[PDB]
Amino acid sequence: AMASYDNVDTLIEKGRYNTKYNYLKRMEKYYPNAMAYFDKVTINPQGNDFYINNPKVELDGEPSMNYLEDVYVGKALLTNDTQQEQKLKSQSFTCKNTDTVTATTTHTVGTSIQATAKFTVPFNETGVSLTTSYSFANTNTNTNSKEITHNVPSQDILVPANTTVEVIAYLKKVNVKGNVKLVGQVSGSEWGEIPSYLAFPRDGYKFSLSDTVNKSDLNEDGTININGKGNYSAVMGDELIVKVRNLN
Amino acid sequence: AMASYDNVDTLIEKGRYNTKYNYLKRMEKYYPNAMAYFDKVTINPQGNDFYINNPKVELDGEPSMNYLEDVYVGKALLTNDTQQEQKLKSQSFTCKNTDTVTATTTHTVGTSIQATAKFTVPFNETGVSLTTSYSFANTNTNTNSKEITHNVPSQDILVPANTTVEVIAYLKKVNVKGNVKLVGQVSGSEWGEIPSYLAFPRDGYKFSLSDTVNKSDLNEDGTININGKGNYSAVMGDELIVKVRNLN
Amino acid sequence: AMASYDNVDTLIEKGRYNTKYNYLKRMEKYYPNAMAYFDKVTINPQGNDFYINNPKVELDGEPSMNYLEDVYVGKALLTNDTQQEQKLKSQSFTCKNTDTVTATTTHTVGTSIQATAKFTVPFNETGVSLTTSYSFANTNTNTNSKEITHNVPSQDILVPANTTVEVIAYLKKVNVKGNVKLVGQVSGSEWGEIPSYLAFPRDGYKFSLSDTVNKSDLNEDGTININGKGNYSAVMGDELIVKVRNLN
Amino acid sequence: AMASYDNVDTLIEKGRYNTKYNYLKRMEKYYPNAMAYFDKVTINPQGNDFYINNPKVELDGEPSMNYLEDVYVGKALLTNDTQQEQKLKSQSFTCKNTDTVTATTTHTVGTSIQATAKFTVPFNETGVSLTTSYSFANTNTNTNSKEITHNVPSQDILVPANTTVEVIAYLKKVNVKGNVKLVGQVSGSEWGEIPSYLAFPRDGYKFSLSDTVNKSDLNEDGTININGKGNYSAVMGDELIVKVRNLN
Amino acid sequence: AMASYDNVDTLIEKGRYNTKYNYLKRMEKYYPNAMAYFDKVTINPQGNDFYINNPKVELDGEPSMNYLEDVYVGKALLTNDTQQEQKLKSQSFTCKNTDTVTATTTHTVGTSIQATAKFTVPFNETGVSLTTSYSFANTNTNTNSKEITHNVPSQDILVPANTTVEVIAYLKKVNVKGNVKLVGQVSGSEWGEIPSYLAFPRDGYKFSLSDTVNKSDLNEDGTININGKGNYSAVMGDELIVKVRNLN
Amino acid sequence: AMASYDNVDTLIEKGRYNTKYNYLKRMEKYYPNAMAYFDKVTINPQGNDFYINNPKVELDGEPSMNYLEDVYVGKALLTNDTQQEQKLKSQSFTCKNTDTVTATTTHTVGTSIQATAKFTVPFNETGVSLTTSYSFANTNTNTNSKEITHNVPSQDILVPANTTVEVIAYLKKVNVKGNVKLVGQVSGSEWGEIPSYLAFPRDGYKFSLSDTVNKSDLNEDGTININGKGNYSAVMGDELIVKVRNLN
Amino acid sequence: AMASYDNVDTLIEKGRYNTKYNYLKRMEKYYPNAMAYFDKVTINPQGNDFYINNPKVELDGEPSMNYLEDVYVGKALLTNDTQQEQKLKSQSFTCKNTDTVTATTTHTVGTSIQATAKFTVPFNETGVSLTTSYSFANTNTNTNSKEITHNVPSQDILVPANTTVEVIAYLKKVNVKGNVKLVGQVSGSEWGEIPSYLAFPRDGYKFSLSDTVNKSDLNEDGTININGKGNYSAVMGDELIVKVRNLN
């Protein structure tokens with residue numbers, strides 16, 4: 001109604017810590033030997049489907065960078081001698097990286113029929129065999145590739161009449177951490193599974209974002225209000241540094 | 001004529017619930033043992049062909065987002081030192097994902113002819129055979145790939161004379177739910193099949209959107225008026241967040 | 001001269017119904033047992049080559065849509081903080097679907113020559129054979145792929161100085177029915193075949209669009225005037241719904 | 001000098017009818033039994049190389065269309081709510097069709113050396129053979145693909161402040177006939193062959209476009225003036241019908 | 001110094017006719033039987049490396065066309081109904097043609113070890129062999145493809161408020177002859193070979209463009225001045241004919 | 001708080017020299033024979049994850065170039081004769097270089113059943129065998145390609161009414177060294193390993209950028225301030241030199 | 001300090017001639033028989049890494065062209081009949097040339113187990129064998145392709161109201177020689193090897209650009225000043241000749 005929350009994670013982790021509490025409670029039937037064993041249980045997620053009705057995401061704070069490696073540094077010297085202000089372009093550059101994975105299976109069913117026959121009349125054991133084969137292969141491939149391109153564009157620079165500019169692009173591969181603030185109305189469940197510890201069973205939990213928050217803390221349509229900021233740590237990225245400069 | 005409906009789904013589901021009623025009625029000949037068994041029958045669709053004459057679709061309400069994972073965060077620092085307002089471009093990024101499926105079948109028909117012959121004269125059993133093969137393989141492949149690209153464009157930013165801008169693109173993969181309102185005139189049939197329950201037969205129903213609505217609730221041309229809103233839950237998507245900012 | 005027609009189909013179907021009349025007439029020689037059998041004959045087309053001289057096609061009426069499935073919904077939040085009206089771009093998206101078909105045939109012709117020889121002197125039957133193979137494979141592949149792309153573009157939006165826009169693209173796959181009106185002068189023949197009914201022969205008809213219309217209903221150059229509207233039912237398609245909106 | 005011709009075809013066909021006259025004349029040596037046999041001779045072309053010096057081609061008359069099939073119909077609804085005249089883009093579409101042809105040939109030359117040896121000491125006939133193979137395959141592939149794309153572009157539409165446009169692209173595959181008028185100076189030969197009729201020989205004719213026209217009907221440089229119109233029947237094609245329309 | 005030449009070909013052919021003179025002179029040692037045999041010698045080029053210092057190429061004269069075949073004719077009808085002057089685009093078209101050539105070679109080295117052994121105790125000759133293979137294939141492929149694209153662009157046409165335009169693109173494949181005039185300073189050698197006539201030897205000539213022209217006809221830096229026009233016969237090409245036309 | 005550092009490298013190398021000190025200290029238990037052996041130990045990195053919160057990177061100093069080889073030099077002569085200022089384009093050029101790496105593994109499991117039988121009745125030993133095979137291959141490929149493109153763009157040049165321009169692009173492949181200055185707040189650890197010297201063990205170190213700097217030299221959030229310049233030696237690159245020039 | 005050099009080549013060749021002097025000096029120990037043998041030694045480079053700090057490259061002098069062959073000549077006739085100044089586009093053209101190189105190696109390890117058994121009871125020697133195979137192939141491919149594209153763009157031409165333009169693009173493949181002037185500060189070494197002459201050893205030289213120039217001819221940071229011009233002979237290239245012309 002009027003109360004809101006500051007993350008979807010403060011709800012998801014609270015629900016998972018409720019699931020790890022319920023599942024460990026469910027062990028007071030036959031295996032209460034590991035009861036207070038509230039660790040190394042590894043509740044993993046499998047089916048997140050929360051929806052943020054009416055979302056208003058927008059990023060705040062500069063992204064925190066983790067620099068991996070340089071990719072390209074391209075200079076370009078664009079001279080104009082045409083008694084008129086031209087618009088010259090520097091060079092481009094793309095860097096693909098494909099990773100294919102394939103798994104095919106063949107089933108062959110052959111069949112042969114030999115009809116050997118030895119005469120032994122002309123000279124010793126001069127036989128003549130005549131076989132006939134037939135086979136049938138039936139393969140079933142299904143590959144999967146994931147391509148990723150980092151294109152450095154080609155800047156068009158208004159170079160004046162008789163002068164040069166000097167562009168320097170410097171691409172670099174990073175992965176960022178950052179923060180992002182959003183508001184909205186979350187609602188929905190999460191089905192996963194509790195992997196069987198080597199003395200425990202495997203159970204398929206499923207909780208919702210309505211039984212993990214105080215009742216009457218949700219709107220009339222089951223949605224609970226969030227107004228906070230979510231993190232997006234460890235996201236692959238880029239960083240271009242262009243420096244166009246007129247030298248004359 | 002003057003009466004309209006608020007979905008095509010309120011017609012499709014009503015027709016399917018009519019088909020599940022008729023098909024269960026058809027069991028009072030030989031197998032009325034499971035008669036009130038109005039469940040687990042799984043009437044599946046196979047041949048939807050309704051046409052919305054004169055459609056006026058338009059989306060209302062902000063799409064409800066379900067955030068899957070981050071794809072890319074790309075910063076770009078575009079400096080201008082050219083005593084003139086330039087227009088500099090940040091870097092691009094594409095992310096493909098192909099999934100190929102293949103099924104080939106080979107038919108081979110070989111044939112060999114051996115002509116062995118043992119002399120036994122020079123020394124023990126020194127024979128010399130001479131075979132001759134011939135085969136014929138005839139394969140028939142037919143693959144199928146489905147590629148999907150999420151391209152983050154390269155913004156061109158009017159950076160003033162001696163200053164820098166600082167673009168931050170942040171792509172994210174989501175799948176949305178939303179609502180969409182449309183008006184028009186639906187008309188057409190739906191042919192599917194009723195899968196045979198383990199004590200039931202399989203029958204190929206086919207109903208239309210004219211016998212699932214009150215007669216004289218359709219126009220002169222068989223079409224029934226709809227004026228409402230249709231849902232589009234669970235649609236793969238994206239979400240870009242660009243923040244160009246002049247720092248100086 | 002002065003009389004015109006309202007379709008090319010009212011001519012094509014009339015010619016085919018003339019061909020099905022002539023071919024059934026041709027059965028009063030040996031097989032008049034199925035004479036009034038004016039059905040299940042399946043006159044199929046094979047060689048349409050009518051030309052519409054001076055065509056003036058133009059579509060009338062909104063296309064009737066048949067909605068198949070959603071493909072993509074992409075939001076984009078483009079913020080400007082640069083004290084200047086920038087032009088920011090949302091993200092793109094492409095969706096390919098390739099279907100390859102292949103048929104190769106290999107012809108192999110091998111040849112071997114074995115020269116076994118058993119010494120039997122050192123110990124029991126210690127022979128040493130030396131064969132020599134030679135083969136020749138000659139394959140002939142000819143594949144065929146058909147790719148189809150549904151590209152959602154990247155809108156560039158004039159976002160004012162310090163504010164954001166909020167683009168929502170929503171692609172959807174449909175196949176449309178519609179109507180299309182054209183005028184012109186049709187002329188030309190249609191060669192097909194009449195498939196042999198299980199008590200009938202196969203005959204290769206060929207009629208023209210000049211002997212299927214009243215004589216003197218054609219111009220001096222054999223062409224007959226059409227002025228009407230042709231249908232284009234069941235054509236694969238798309239439907240994009242863009243909604244750019246300034247939120248502040 | 002001052003006389004010109006109205007086609008290059010009225011020259012090519014006249015030269016071929018001269019070649020078919022000369023070649024049939026050449027049969028009064030040994031086989032004059034089929035002499036007036038001025039048909040079913042099938043003079044085919046092999047080496048056209050006429051050049052049209054100073055050409056002035058330009059198309060006249062609307063192309064005569066032969067409609068094959070519809071390819072795509074794409075609607076797009078572009079709404080603007082930004083208090084400013086934006087320029088929004090509809091969706092694109094491409095349709096490839098590749099046809100590959102391949103022909104590879106492998107030559108294998110193997111060689112084996114077996115060294116079997118039966119002990120017969122431990123128990124019955126317990127021999128141990130040890131072979132050694134070596135082969136050499138040398139293949140030579142040379143494929144050939146021909147791709148063809150029909151791209152429907154993405155129109156950018158100036159949609160006013162608070163309103164929508166409604167684009168409808170309708171691609172269609174046709175092949176056209178048309179006419180085209182050109183002037184210039186043709187000159188050059190045509191080498192082909194006269195296929196051997198089943199009672200006739202095969203001869204490799206070669207005529208020029210200077211001995212097929214009245215002498216002094218050519219300029220000083222051997223070229224003969226043409227001023228007419230050439231046909232281009234049966235050319236694969238497209239037909240797009242865009243209808244942008246502002247609805248409000 | 002002050003004398004110039006009118007081709008590089010009048011130098012290259014003169015040098016080759018000097019080489020064919022020298023090489024035939026070199027036959028007065030052992031084989032002067034074919035001495036005046038100044039024909040069928042086929043001096044072929046292998047190593048042209050002349051450089052045109054300070055070139056000023058520019059084409060004169062319209063290219064002489066040799067028409068091969070039509071490729072595409074695409075009509076497009078772009079209607080505007082938006083109470084504003086829009087800019088609509090017609091459809092595109094590309095036509096690829098790839099020709100791949102491949103040559104791989106495999107070297108296999110196998111090895112087997114069989115260990116057959118016949119018991120003959122349980123019943124007649126019930127032996128059990130156990131072989132073990134090992135091979136090593138080492139292939140080396142190196143292909144080569146040459147793709148060629150003929151792209152017909154998509155014209156954007158300023159269609160006025162309520163009216164239509166009607167674009168007609170007509171691509172055609174030709175190969176042109178033309179002339180081209182250039183000035184500059186040529187200098188450099190040409191190494192080829194004189195193929196051995198069936199009574200002659202093979203010799204590897206090498207002449208320069210300084211010993212094929214009168215001395216003091218070259219500048220101080222060995223370069224000889226050319227000022228003339230060079231031909232470019234038989235060059236694959238295109239010919240587009242666009243005709244945008246406003247019909248209303 | 002108030003003290004900052006001038007590199008992230010002066011921290012990383014100091015931490016690694018601390019790790020090489022600790023690990024060599026850890027050898028005074030069993031192997032102090034190589035104790036002062038402070039070399040040839042090769043502490044390699046494996047898990048860098050420092051984040052630069054609030055980074056302000058910007059390049060200073062011109063990049064130091066190391067010229068590898070020329071790639072392309074493309075002239076273009078764009079003449080205008082249209083009594084109007086046109087905008088003509090020069091030619092483009094791209095240079096890809098792909099390097100694929102593949103590793104597949106097949107597992108085959110065959111099975112045959114022969115049923116030979118010798119009659120010996122008609123003549124000597126005329127037997128007839130009939131075998132039947134069945135196999136199952138299951139391969140698992142996973143390739144990896146890395147493409148790199150160096151695109152030289154196509155400059156559009158405003159050539160005046162009756163005159164020519166003369167563009168000269170000159171791409172060249174280099175790899176640069178340069179310097180880059182950044183400020184920010186670094187924080188995070190580095191997990192690697194100390195490879196086992198041939199008399200030493202292997203240990204997996206892990207240090208952070210907070211225990212390698214004087215305490216109270218870090219902010220309240222564990223981050224240590226950096227304000228200096230980092231090097232980016234040996235980065236593949238390009239260098240374009242465009243020279244548009246109006247000649248008349 | 002104040003003295004500079006006019007090439008990097010006058011330094012590299014001087015250093016190599018110093019290396020060839022030192023290495024030949026090193027032969028007065030055991031093999032002084034070939035001492036003055038100052039030729040056919042072929043000092044080849046392997047590890048150039050000189051860096052030109054603060055480079056100011058810029059091309060002088062028109063490139064000297066060596067014409068290889070014509071690639072394409074494309075005419076285009078763009079007519080405007082729209083009572084308005086349109087902007088029409090000519091056709092494009094691309095010419096790829098890929099060269100792939102591949103090297104894969106397979107390692108197979110098979111294993112079979114036969115279990116033959118001859119009954120001899122029903123009739124003569126009617127045995128039944130049953131084998132069982134198993135193999136394991138492990139291949140490792142790594143290809144490498146190098147694509148090169150020569151794209152002729154599609155000029156957009158402002159054709160006036162009722163008139164035509166006539167574009168002629170003429171691409172041509174050349175390789176240029178040219179000169180290029182640069183200034184900067186070179187510094188760095190060159191590691192190569194001296195290949196072993198058939199009576200000599202192989203030695204891996206390594207010299208720097210600081211011990212090949214007079215000391216105190218270098219700046220304080222080891223760099224030696226260059227101010228001259230470097231050549232770039234034999235660089236693959238293009239040459240486009242566009243001639244737009246308004247004919248009316």
# chains A, B, ... in the order shown; residues from 1 in each chain; ligands from 1
>>> interface_residues(of="chain G", to="chain D", cutoff="12 Å", atoms="only C-alpha atoms", output="PyMOL selection string")
chain G and resi 75-79+164-166+247-248
>>> residues_around(residues="stretch 167-181 of chain F", least_positions_apart="2", cutoff="8 Å", atoms="only C-alpha atoms", output="MDAnalysis selection string")
(chainID A and resid 73) or (chainID F and resid 57:77 90 152 165 183 227:245) or (chainID G and resid 51)
>>> write_last_selection(atoms="N, CA and C atoms", output="compact mmCIF listing (two decimals), in the first residue's frame")
# COMPACT_ATOMS: atom_id res chain seq x y z
N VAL A 73 44.38 0.57 -31.11
CA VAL A 73 44.66 2.00 -31.07
C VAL A 73 44.89 2.42 -32.51
N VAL F 57 39.68 8.20 -16.90
CA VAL F 57 40.75 7.94 -17.85
C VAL F 57 40.69 8.95 -18.98
N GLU F 58 41.85 9.31 -19.52
CA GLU F 58 41.96 10.17 -20.68
C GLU F 58 43.41 10.13 -21.15
N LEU F 59 43.60 10.04 -22.45
CA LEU F 59 44.94 9.78 -22.96
C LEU F 59 45.72 11.08 -23.11
N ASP F 60 46.99 11.04 -22.72
CA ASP F 60 47.90 12.17 -22.88
C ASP F 60 49.10 11.69 -23.67
N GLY F 61 49.74 12.60 -24.39
CA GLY F 61 50.90 12.24 -25.17
C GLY F 61 50.52 11.51 -26.44
N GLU F 62 51.18 11.82 -27.54
CA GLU F 62 50.89 11.15 -28.79
C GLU F 62 51.38 9.71 -28.72
N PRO F 63 50.63 8.76 -29.29
CA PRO F 63 51.05 7.37 -29.23
C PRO F 63 52.33 7.15 -30.01
N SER F 64 53.24 6.39 -29.42
CA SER F 64 54.50 6.03 -30.07
C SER F 64 54.20 4.87 -31.01
N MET F 65 54.53 5.04 -32.28
CA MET F 65 54.15 4.06 -33.28
C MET F 65 55.30 3.12 -33.58
N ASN F 66 54.98 1.86 -33.85
CA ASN F 66 55.93 0.89 -34.38
C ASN F 66 55.34 0.36 -35.67
N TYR F 67 55.93 0.74 -36.80
CA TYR F 67 55.34 0.46 -38.10
C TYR F 67 55.63 -0.98 -38.51
N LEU F 68 54.58 -1.72 -38.83
CA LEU F 68 54.74 -3.13 -39.21
C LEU F 68 54.80 -3.29 -40.73
N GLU F 69 53.73 -2.91 -41.42
CA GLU F 69 53.70 -3.08 -42.87
C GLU F 69 52.54 -2.30 -43.45
N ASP F 70 52.66 -1.96 -44.72
CA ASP F 70 51.60 -1.28 -45.44
C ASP F 70 50.53 -2.27 -45.83
N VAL F 71 49.29 -1.79 -45.88
CA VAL F 71 48.15 -2.63 -46.16
C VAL F 71 47.47 -2.25 -47.47
N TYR F 72 47.44 -0.97 -47.79
CA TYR F 72 46.63 -0.52 -48.92
C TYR F 72 46.93 0.94 -49.18
N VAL F 73 46.96 1.32 -50.46
CA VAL F 73 47.04 2.71 -50.90
C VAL F 73 46.06 2.85 -52.04
N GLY F 74 45.01 3.64 -51.85
CA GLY F 74 43.94 3.75 -52.82
C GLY F 74 43.73 5.19 -53.27
N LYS F 75 44.01 5.45 -54.53
CA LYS F 75 43.74 6.73 -55.15
C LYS F 75 42.33 6.73 -55.70
N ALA F 76 41.77 7.92 -55.89
CA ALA F 76 40.42 8.04 -56.45
C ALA F 76 40.30 9.42 -57.07
N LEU F 77 39.86 9.48 -58.32
CA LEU F 77 39.74 10.72 -59.07
C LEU F 77 38.27 10.96 -59.37
N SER F 90 34.70 8.03 -52.83
CA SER F 90 35.80 7.18 -53.25
C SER F 90 35.50 5.74 -52.88
N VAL F 152 38.93 0.53 -44.45
CA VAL F 152 39.22 1.88 -44.91
C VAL F 152 37.93 2.45 -45.49
N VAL F 165 38.51 16.17 -57.56
CA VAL F 165 39.32 16.05 -56.36
C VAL F 165 40.15 14.79 -56.52
N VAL F 183 42.48 8.66 -12.98
CA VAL F 183 42.27 8.82 -11.55
C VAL F 183 41.08 7.96 -11.16
N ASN F 227 46.13 8.53 -8.76
CA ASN F 227 46.12 9.69 -9.64
C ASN F 227 47.48 9.72 -10.33
N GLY F 228 47.53 9.19 -11.54
CA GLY F 228 48.79 9.08 -12.25
C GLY F 228 48.58 8.79 -13.71
N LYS F 229 49.40 7.92 -14.29
CA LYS F 229 49.28 7.58 -15.70
C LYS F 229 49.72 6.15 -15.92
N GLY F 230 48.91 5.38 -16.65
CA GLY F 230 49.23 4.00 -16.96
C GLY F 230 49.62 3.83 -18.41
N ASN F 231 50.53 2.90 -18.65
CA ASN F 231 51.03 2.63 -19.99
C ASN F 231 50.15 1.58 -20.66
N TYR F 232 50.17 1.57 -21.99
CA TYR F 232 49.44 0.57 -22.77
C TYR F 232 50.32 0.05 -23.91
N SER F 233 51.53 -0.38 -23.57
CA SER F 233 52.48 -0.78 -24.59
C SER F 233 51.98 -1.97 -25.41
N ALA F 234 52.40 -2.01 -26.67
CA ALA F 234 52.20 -3.14 -27.58
C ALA F 234 50.72 -3.45 -27.80
N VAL F 235 50.03 -2.53 -28.45
CA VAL F 235 48.62 -2.68 -28.80
C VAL F 235 48.51 -2.62 -30.31
N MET F 236 47.95 -3.66 -30.92
CA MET F 236 47.79 -3.67 -32.36
C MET F 236 47.01 -2.45 -32.80
N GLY F 237 47.27 -1.97 -34.00
CA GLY F 237 46.64 -0.75 -34.43
C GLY F 237 46.65 -0.55 -35.91
N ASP F 238 46.30 0.67 -36.31
CA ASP F 238 46.22 1.11 -37.69
C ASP F 238 46.84 2.49 -37.80
N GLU F 239 46.95 2.98 -39.03
CA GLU F 239 47.25 4.39 -39.24
C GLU F 239 46.81 4.76 -40.65
N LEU F 240 45.74 5.53 -40.75
CA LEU F 240 45.24 6.01 -42.03
C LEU F 240 45.79 7.39 -42.29
N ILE F 241 46.11 7.67 -43.55
CA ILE F 241 46.57 8.99 -43.97
C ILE F 241 45.77 9.37 -45.20
N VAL F 242 44.75 10.20 -45.02
CA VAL F 242 43.89 10.65 -46.11
C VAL F 242 44.39 12.01 -46.55
N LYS F 243 44.44 12.24 -47.87
CA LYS F 243 44.84 13.53 -48.41
C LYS F 243 43.94 13.90 -49.58
N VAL F 244 42.84 14.52 -49.30
CA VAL F 244 41.96 14.99 -50.36
C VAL F 244 42.53 16.28 -50.90
N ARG F 245 42.50 16.43 -52.22
CA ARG F 245 43.18 17.56 -52.86
C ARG F 245 42.46 17.89 -54.15
N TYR G 51 60.28 2.06 -32.00
CA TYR G 51 59.13 2.93 -31.80
C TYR G 51 59.50 4.35 -32.18
>>> atom_distance(atom1="atom CA of residue G:144", atom2="atom CA of residue A:103")
23.4 Å
>>> select_by_dssp(residues="chain G", states="helix (DSSP H, G or I)", output="list in words")
residues 9, 10, 11, 12, 13, 14, 15, 16, 17, 18, 19, 20, 21, 22, 23, 24 and 25 of chain G
>>> residues_around(residues="stretch 190-193 of chain E", least_positions_apart="2", cutoff="8 Å", atoms="only C-alpha atoms", output="PyMOL selection string")
chain E and resi 43-50+188+195+202-208
>>> atom_distance(atom1="atom CA of residue G:3", atom2="atom CA of residue A:246")
28.6 Å
>>> residues_around(residues="residue C:30", least_positions_apart="6", cutoff="12 Å", atoms="only C-alpha atoms", output="mmCIF file with N, CA, C and O atoms, in the first residue's frame")
data_model
loop_
_atom_site.group_PDB
_atom_site.id
_atom_site.type_symbol
_atom_site.label_atom_id
_atom_site.label_comp_id
_atom_site.auth_asym_id
_atom_site.auth_seq_id
_atom_site.Cartn_x
_atom_site.Cartn_y
_atom_site.Cartn_z
ATOM 1 N N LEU C 24 -12.786 -33.489 -70.158
ATOM 2 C CA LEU C 24 -13.828 -34.470 -69.893
ATOM 3 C C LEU C 24 -14.607 -34.798 -71.157
ATOM 4 O O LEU C 24 -15.046 -35.937 -71.332
ATOM 5 N N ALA C 199 -8.633 -43.730 -63.268
ATOM 6 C CA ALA C 199 -9.228 -44.380 -64.424
ATOM 7 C C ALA C 199 -9.117 -43.512 -65.669
ATOM 8 O O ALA C 199 -9.796 -43.789 -66.665
ATOM 9 N N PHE C 200 -8.275 -42.489 -65.642
ATOM 10 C CA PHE C 200 -8.194 -41.456 -66.660
ATOM 11 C C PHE C 200 -6.752 -41.266 -67.094
ATOM 12 O O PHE C 200 -5.825 -41.692 -66.398
ATOM 13 N N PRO C 201 -6.526 -40.633 -68.243
ATOM 14 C CA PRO C 201 -5.164 -40.339 -68.687
ATOM 15 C C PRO C 201 -4.694 -38.963 -68.230
ATOM 16 O O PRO C 201 -5.449 -38.162 -67.677
#
>>> select_by_dssp(residues="stretch 114-194 of chain G", states="strand (DSSP E)", output="PyMOL selection string")
chain G and resi 133-141+144-145+148-149+156-159+162-176+179-187+189-193
>>> residues_around(residues="residue D:20", least_positions_apart="6", cutoff="9 Å", atoms="only C-alpha atoms", output="PyMOL selection string")
chain D and resi 38+41+43+194
>>> atom_distance(atom1="atom CA of residue A:80", atom2="atom CA of residue A:156")
12.9 Å
>>> residues_around(residues="residue A:92", least_positions_apart="2", cutoff="6 Å", atoms="only C-alpha atoms", output="ChimeraX atom specification")
/A:152-154 /F:151
>>> residues_around(residues="stretch 93-97 of chain E", least_positions_apart="6", cutoff="6 Å", atoms="only C-alpha atoms", output="PyMOL selection string")
(chain D and resi 145-151) or (chain E and resi 147-152)
